[PDB]
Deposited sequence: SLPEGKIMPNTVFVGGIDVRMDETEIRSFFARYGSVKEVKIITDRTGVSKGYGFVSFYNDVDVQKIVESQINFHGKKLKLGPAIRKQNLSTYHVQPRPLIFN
């Protein structure tokens, strides 16, 4: 039974490859607004889970952003609305 809340003004970014970095994602997403955070999710040992979230200070149309074809280092980012489920 579907869970979580849709986070406003935030985009899920999956398919983040080890050859990529936060800075190029940050710089790209500035085309849509003032980026608040590029937050890559890691495990407890600091190992990337290969996805993260880009949030904005301004209102963005997430539906439109997730249509974008954004490639880095030979790989296409996998975009979606950001959903937050329940140290």
Deposited-sequence ranges lacking CA coordinates, in order, are 1, 88-92, 94-102
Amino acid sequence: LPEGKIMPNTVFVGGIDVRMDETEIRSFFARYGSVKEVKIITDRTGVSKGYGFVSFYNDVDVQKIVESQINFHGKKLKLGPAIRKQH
From here on, numbers count along this sequence of modelled residues.
Using only the Cα atoms and their B-factors as the entry lists them, report which of 17-25 and 71-79 averages higher. 17-25
Among the chain's modelled residues, which third holds the C-alpha B-factor of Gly46? highest
